[PDB]
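Enquirer: coords_18.pdb (PDB, C-alpha atoms and all ligand atoms) pasted underneath:
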ATOM      1  CA  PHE A   1       0.000   0.000   0.000
ATOM      2  CA  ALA A   2       1.430   3.288  -1.187
ATOM      3  CA  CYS A   3       0.162   6.657  -2.426
ATOM      4  CA  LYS A   4       1.041   9.362  -4.963
ATOM      5  CA  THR A   5      -0.030  12.890  -5.909
ATOM      6  CA  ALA A   6      -0.827  14.584  -9.198
ATOM      7  CA  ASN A   7       2.102  16.928  -8.458
ATOM      8  CA  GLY A   8       4.357  13.898  -8.946
ATOM      9  CA  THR A   9       5.256  13.296  -5.271
ATOM     10  CA  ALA A  10       4.670   9.995  -3.440
ATOM     11  CA  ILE A  11       4.562   8.258  -0.068
ATOM     12  CA  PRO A  12       5.760   4.627   0.058
ATOM     13  CA  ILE A  13       4.899   1.480   2.011
ATOM     14  CA  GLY A  14       4.929   2.306   5.734
ATOM     15  CA  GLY A  15       3.739   5.880   5.427
ATOM     16  CA  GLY A  16       5.267   9.307   5.925
ATOM     17  CA  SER A  17       4.294  12.723   4.619
ATOM     18  CA  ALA A  18       4.106  14.676   1.347
ATOM     19  CA  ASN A  19       3.012  18.101   0.130
ATOM     20  CA  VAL A  20      -0.051  18.688  -2.056
ATOM     21  CA  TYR A  21      -0.453  21.906  -4.079
ATOM     22  CA  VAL A  22      -3.966  22.834  -5.119
ATOM     23  CA  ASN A  23      -5.422  25.440  -7.453
ATOM     24  CA  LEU A  24      -8.363  27.236  -5.849
ATOM     25  CA  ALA A  25     -11.324  29.252  -7.177
ATOM     26  CA  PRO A  26      -9.900  32.797  -7.054
ATOM     27  CA  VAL A  27     -13.183  34.452  -6.105
ATOM     28  CA  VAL A  28     -15.653  33.004  -3.614
ATOM     29  CA  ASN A  29     -18.695  34.768  -2.208
ATOM     30  CA  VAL A  30     -20.290  34.521   1.206
ATOM     31  CA  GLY A  31     -22.998  31.918   0.676
ATOM     32  CA  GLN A  32     -20.861  30.042  -1.873
ATOM     33  CA  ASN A  33     -18.701  26.914  -1.481
ATOM     34  CA  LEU A  34     -14.981  26.789  -2.225
ATOM     35  CA  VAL A  35     -14.222  23.190  -3.185
ATOM     36  CA  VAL A  36     -10.877  21.489  -2.571
ATOM     37  CA  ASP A  37     -11.217  18.137  -4.285
ATOM     38  CA  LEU A  38      -8.287  15.986  -3.141
ATOM     39  CA  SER A  39      -9.764  13.041  -5.012
ATOM     40  CA  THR A  40      -8.138  14.454  -8.175
ATOM     41  CA  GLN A  41      -4.832  14.966  -6.378
ATOM     42  CA  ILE A  42      -4.285  11.942  -4.166
ATOM     43  CA  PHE A  43      -4.201   8.353  -5.347
ATOM     44  CA  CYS A  44      -3.459   5.076  -3.563
ATOM     45  CA  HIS A  45      -3.205   1.384  -4.336
ATOM     46  CA  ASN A  46      -2.956  -2.048  -2.721
ATOM     47  CA  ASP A  47       0.425  -3.782  -3.392
ATOM     48  CA  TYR A  48      -0.777  -7.375  -2.826
ATOM     49  CA  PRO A  49      -4.555  -7.610  -3.501
ATOM     50  CA  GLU A  50      -4.173 -11.257  -4.575
ATOM     51  CA  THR A  51      -3.731 -11.985  -0.900
ATOM     52  CA  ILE A  52      -4.335  -8.876   1.204
ATOM     53  CA  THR A  53      -7.222  -6.439   1.757
ATOM     54  CA  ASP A  54      -6.255  -2.827   2.656
ATOM     55  CA  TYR A  55      -8.439  -0.555   4.839
ATOM     56  CA  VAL A  56      -8.230   3.245   4.685
ATOM     57  CA  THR A  57      -9.678   6.012   6.856
ATOM     58  CA  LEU A  58      -9.458   9.728   7.025
ATOM     59  CA  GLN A  59      -8.125   9.684  10.557
ATOM     60  CA  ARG A  60      -8.115  13.423  11.023
ATOM     61  CA  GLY A  61      -8.114  16.657   9.093
ATOM     62  CA  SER A  62      -6.896  20.023  10.353
ATOM     63  CA  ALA A  63      -7.467  23.510   8.920
ATOM     64  CA  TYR A  64      -4.737  26.170   8.817
ATOM     65  CA  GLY A  65      -4.151  29.764   7.788
ATOM     66  CA  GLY A  66      -7.022  31.441   6.018
ATOM     67  CA  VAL A  67      -9.094  28.274   5.914
ATOM     68  CA  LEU A  68      -9.102  28.046   9.706
ATOM     69  CA  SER A  69      -9.696  31.835  10.044
ATOM     70  CA  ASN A  70     -12.028  32.654   7.189
ATOM     71  CA  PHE A  71     -14.104  29.569   6.357
ATOM     72  CA  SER A  72     -16.661  27.106   7.726
ATOM     73  CA  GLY A  73     -15.856  23.593   6.546
ATOM     74  CA  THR A  74     -17.356  20.222   5.768
ATOM     75  CA  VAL A  75     -15.303  17.270   4.524
ATOM     76  CA  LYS A  76     -16.821  14.688   2.235
ATOM     77  CA  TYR A  77     -15.316  11.205   2.557
ATOM     78  CA  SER A  78     -16.602   8.564   0.144
ATOM     79  CA  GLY A  79     -20.090  10.012  -0.135
ATOM     80  CA  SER A  80     -20.388  10.850   3.547
ATOM     81  CA  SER A  81     -20.027  14.320   5.079
ATOM     82  CA  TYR A  82     -18.374  15.335   8.339
ATOM     83  CA  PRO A  83     -17.291  18.437  10.256
ATOM     84  CA  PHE A  84     -14.031  19.956   9.013
ATOM     85  CA  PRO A  85     -11.810  20.372  11.008
ATOM     86  CA  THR A  86     -12.721  16.830  12.011
ATOM     87  CA  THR A  87     -14.105  15.600  15.313
ATOM     88  CA  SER A  88     -13.690  11.876  14.631
ATOM     89  CA  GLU A  89     -12.068   9.212  12.428
ATOM     90  CA  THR A  90     -14.153   8.113   9.403
ATOM     91  CA  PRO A  91     -15.200   4.526   8.597
ATOM     92  CA  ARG A  92     -12.846   2.500   6.401
ATOM     93  CA  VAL A  93     -12.709   2.523   2.603
ATOM     94  CA  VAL A  94     -11.570  -0.791   1.084
ATOM     95  CA  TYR A  95      -8.621  -0.763  -1.340
ATOM     96  CA  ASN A  96      -8.462  -4.034  -3.294
ATOM     97  CA  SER A  97      -6.666  -2.871  -6.420
ATOM     98  CA  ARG A  98      -3.090  -2.355  -7.617
ATOM     99  CA  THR A  99      -4.130   0.358 -10.071
ATOM    100  CA  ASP A 100      -3.647   3.719  -8.354
ATOM    101  CA  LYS A 101      -7.047   5.036  -7.289
ATOM    102  CA  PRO A 102      -8.382   8.287  -5.743
ATOM    103  CA  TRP A 103      -8.465   8.982  -2.058
ATOM    104  CA  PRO A 104     -12.102  10.174  -2.017
ATOM    105  CA  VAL A 105     -11.796  13.357   0.060
ATOM    106  CA  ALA A 106     -13.191  16.817  -0.708
ATOM    107  CA  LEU A 107     -13.260  19.967   1.373
ATOM    108  CA  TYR A 108     -16.342  22.170   1.222
ATOM    109  CA  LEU A 109     -15.482  25.578   2.607
ATOM    110  CA  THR A 110     -17.835  28.534   2.885
ATOM    111  CA  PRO A 111     -16.771  32.071   3.959
ATOM    112  CA  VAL A 112     -17.638  33.113   7.514
ATOM    113  CA  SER A 113     -19.491  36.414   8.135
ATOM    114  CA  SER A 114     -16.213  38.154   9.001
ATOM    115  CA  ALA A 115     -14.439  36.996   5.809
ATOM    116  CA  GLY A 116     -13.616  39.706   3.297
ATOM    117  CA  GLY A 117     -10.713  40.429   0.991
ATOM    118  CA  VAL A 118      -7.895  37.917   0.602
ATOM    119  CA  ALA A 119      -9.229  35.054   2.690
ATOM    120  CA  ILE A 120      -6.539  32.566   1.574
ATOM    121  CA  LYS A 121      -2.985  33.534   0.621
ATOM    122  CA  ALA A 122      -0.962  31.832  -2.133
ATOM    123  CA  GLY A 123       1.706  29.468  -0.819
ATOM    124  CA  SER A 124       0.191  29.179   2.627
ATOM    125  CA  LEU A 125      -0.560  25.882   4.364
ATOM    126  CA  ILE A 126      -4.334  25.416   4.341
ATOM    127  CA  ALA A 127      -4.851  21.881   5.644
ATOM    128  CA  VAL A 128      -3.302  18.711   6.938
ATOM    129  CA  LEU A 129      -5.077  15.435   6.250
ATOM    130  CA  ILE A 130      -4.037  12.149   7.767
ATOM    131  CA  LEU A 131      -4.767   9.012   5.822
ATOM    132  CA  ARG A 132      -4.647   5.925   8.060
ATOM    133  CA  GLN A 133      -4.024   2.462   6.531
ATOM    134  CA  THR A 134      -4.482  -1.039   7.955
ATOM    135  CA  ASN A 135      -5.142  -4.460   6.481
ATOM    136  CA  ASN A 136      -6.691  -7.865   7.125
ATOM    137  CA  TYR A 137      -3.261  -9.524   7.125
ATOM    138  CA  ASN A 138      -1.056  -8.231   9.958
ATOM    139  CA  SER A 139      -0.468  -5.479  12.480
ATOM    140  CA  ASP A 140       0.443  -2.732  10.009
ATOM    141  CA  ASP A 141      -0.983   0.636  11.023
ATOM    142  CA  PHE A 142       0.436   3.480   8.914
ATOM    143  CA  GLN A 143      -0.074   7.209   8.576
ATOM    144  CA  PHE A 144       0.163   9.094   5.299
ATOM    145  CA  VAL A 145       0.333  12.793   6.085
ATOM    146  CA  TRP A 146      -0.882  15.215   3.401
ATOM    147  CA  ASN A 147       0.135  18.853   3.753
ATOM    148  CA  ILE A 148      -2.223  20.896   1.610
ATOM    149  CA  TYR A 149      -0.880  24.148   0.160
ATOM    150  CA  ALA A 150      -2.686  26.964  -1.650
ATOM    151  CA  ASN A 151      -1.401  27.667  -5.162
ATOM    152  CA  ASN A 152      -3.173  31.043  -5.392
ATOM    153  CA  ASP A 153      -4.967  33.772  -3.418
ATOM    154  CA  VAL A 154      -8.677  33.454  -2.812
ATOM    155  CA  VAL A 155     -10.709  36.631  -2.645
ATOM    156  CA  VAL A 156     -14.041  37.031  -0.832
ATOM    157  CA  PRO A 157     -15.885  40.080  -2.338
ATOM    158  CA  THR A 158     -17.107  42.749   0.082
TER     159      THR A 158
HETATM  160  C1  LIG A 201       5.014 -13.301   0.268
HETATM  161  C2  LIG A 201       4.568 -12.247   1.288
HETATM  162  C3  LIG A 201       4.461 -10.860   0.651
HETATM  163  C4  LIG A 201       4.021  -9.851   1.721
HETATM  164  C5  LIG A 201       3.901  -8.473   1.080
HETATM  165  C6  LIG A 201       3.458  -7.449   2.113
HETATM  166  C7  LIG A 201       3.330  -6.081   1.432
HETATM  167  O1  LIG A 201       2.891  -5.161   2.447
HETATM  168  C8  LIG A 201       2.630  -3.823   1.988
HETATM  169  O2  LIG A 201       1.502  -3.902   1.056
HETATM  170  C9  LIG A 201       0.292  -4.431   1.643
HETATM  171  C10 LIG A 201      -0.793  -4.479   0.563
HETATM  172  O3  LIG A 201      -1.014  -3.137   0.064
HETATM  173  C11 LIG A 201      -0.127  -3.549   2.777
HETATM  174  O4  LIG A 201      -1.323  -4.130   3.392
HETATM  175  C12 LIG A 201       0.989  -3.516   3.808
HETATM  176  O5  LIG A 201       0.585  -2.633   4.859
HETATM  177  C13 LIG A 201       2.267  -2.970   3.165
HETATM  178  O6  LIG A 201       2.022  -1.672   2.697
END
What does this structure look like when you write it as structure tokens?

Expert:
Amino acid sequence: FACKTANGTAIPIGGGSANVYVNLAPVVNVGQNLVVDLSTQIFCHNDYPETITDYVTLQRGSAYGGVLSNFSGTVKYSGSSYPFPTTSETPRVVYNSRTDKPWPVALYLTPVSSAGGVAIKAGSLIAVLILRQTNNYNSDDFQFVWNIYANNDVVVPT
């Protein structure tokens, strides 16, 4: 079980961390959702599906910078929605394929009442998401740490 990003970076068997760089809608109004779809950025696979079943959760997601300050968040994990920043670990998604496949996570972020102007700055850390991986084979319990960075400013009109 390993993962890779669209940016070309990767995290190998056993876990670790990597940086993810996302383009964001440059203008977002109060009452609108800014979407950060990591499912197009983060992909994982099972290295031995002939024998082993891999289990994957979103263990925890934290908001940083302008996302923590200026937005109200929901995270969608495999069709289900949760508070973001997260209050609990999600149920498991099953990975039974060697073809690299999306980690099904999306952030839905809507401006708070006090947001206005540049609510997210380019190059700033906006989130950390921890993918947790186990299996039905042994005692492996690994963390894949995704550091999410803004590629561009996001403006909330006033
Ligand atoms: C002839 C025995 C081969 C033994 C191969 C074990 C491979 O383990 C890796 O790949 C497994 C399948 O993705 C993961 O469940 C496990 O955590 C680790 O990432």

Enquirer: Could you list, as an NGL selection string, all the residues within 12 Å of ligand LIG 201 (chain A), counting all atoms listed in the file?

Expert: :A and (1-3 or 11-16 or 44-56 or 94-100 or 132-144)

Enquirer: Hey, which of A:68, A:6, A:75, A:105 ends up closest to residue 125 (chain A)? Count only C-alpha atoms.

Expert: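 Once distances to residue 125 (chain A) are computed over only C-alpha atoms, the minimum belongs to A:68.
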
Enquirer: Skip region 149-158 of chain A itself and residues of its chain fewer than 2 positions away, then list as a CSV table (one decimal) with C-alpha atoms, in the coordinates of the input all residues within 8 Å of it, counting all atoms listed in the file.

Expert:
chain,number,residue,atom,x,y,z
A,19,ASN,CA,3.0,18.1,0.1
A,20,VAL,CA,-0.1,18.7,-2.1
A,21,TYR,CA,-0.5,21.9,-4.1
A,22,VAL,CA,-4.0,22.8,-5.1
A,23,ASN,CA,-5.4,25.4,-7.5
A,24,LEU,CA,-8.4,27.2,-5.8
A,25,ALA,CA,-11.3,29.3,-7.2
A,26,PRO,CA,-9.9,32.8,-7.1
A,27,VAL,CA,-13.2,34.5,-6.1
A,28,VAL,CA,-15.7,33.0,-3.6
A,29,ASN,CA,-18.7,34.8,-2.2
A,30,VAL,CA,-20.3,34.5,1.2
A,111,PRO,CA,-16.8,32.1,4.0
A,115,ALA,CA,-14.4,37.0,5.8
A,116,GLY,CA,-13.6,39.7,3.3
A,117,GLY,CA,-10.7,40.4,1.0
A,118,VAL,CA,-7.9,37.9,0.6
A,119,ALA,CA,-9.2,35.1,2.7
A,120,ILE,CA,-6.5,32.6,1.6
A,121,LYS,CA,-3.0,33.5,0.6
A,122,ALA,CA,-1.0,31.8,-2.1
A,123,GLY,CA,1.7,29.5,-0.8
A,124,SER,CA,0.2,29.2,2.6
A,125,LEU,CA,-0.6,25.9,4.4
A,126,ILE,CA,-4.3,25.4,4.3
A,127,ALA,CA,-4.9,21.9,5.6
A,147,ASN,CA,0.1,18.9,3.8

Enquirer: Check the smallest atom-to-atom distance from each of A:35, A:63, A:58, A:128 to residue 92 (chain A) using all atoms listed in the file, then report the winner.

Expert: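 Selected residue with least distance to residue 92 (chain A): A:58.
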
Enquirer: Mind giving me the straight-line distance from CA of residue 33 (chain A) to CA of residue 112 (chain A) in Å, one decimal?

Expert: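 Spanning CA of residue 33 (chain A) to CA of residue 112 (chain A) is a straight-line distance of 11.0 Å.
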
Enquirer: So the first atom is CA of residue 32 (chain A) and the second is CA of residue 114 (chain A); what is the distance between them in Å, to one decimal place?

Expert: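 Answer for the CA of residue 32 (chain A) to CA of residue 114 (chain A) separation: 14.3 Å.
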
Enquirer: Find the spatial neighbours of residue 85 (chain A), counting all atoms listed in the file, within a cut-off of 12 Å - ignore same-chain residues fewer than 6 positions away - and output them as a ChimeraX atom specification.

Expert: /A:58-64,67-69,71-76,107-109,126-130

Enquirer: One decimal, in Å: what's the spacing between CA of residue 34 (chain A) and CA of residue 7 (chain A)?

Expert: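 Interatomic distance, CA of residue 34 (chain A) to CA of residue 7 (chain A): 20.7 Å.
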
Enquirer: Could you check which of A:78, A:113, A:41, A:17 is closest to residue 91 (chain A), using only C-alpha atoms?

Expert: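 Looking at the shortest contact to residue 91 (chain A), the residue is A:78.
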
Enquirer: Let me make sure I understand: among A:79, A:145, A:5, A:31, which one has the smallest atom-to-atom distance to residue 104 (chain A) if we use only C-alpha atoms?

Expert: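 Checking each candidate against residue 104 (chain A), we get A:79 as the closest.
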
Enquirer: With only C-alpha atoms as the basis for distance, which of A:148, A:131, A:106, A:10 is at the shortest distance from residue 90 (chain A)?

Expert: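 That would be A:131, the residue with the smallest distance to residue 90 (chain A).
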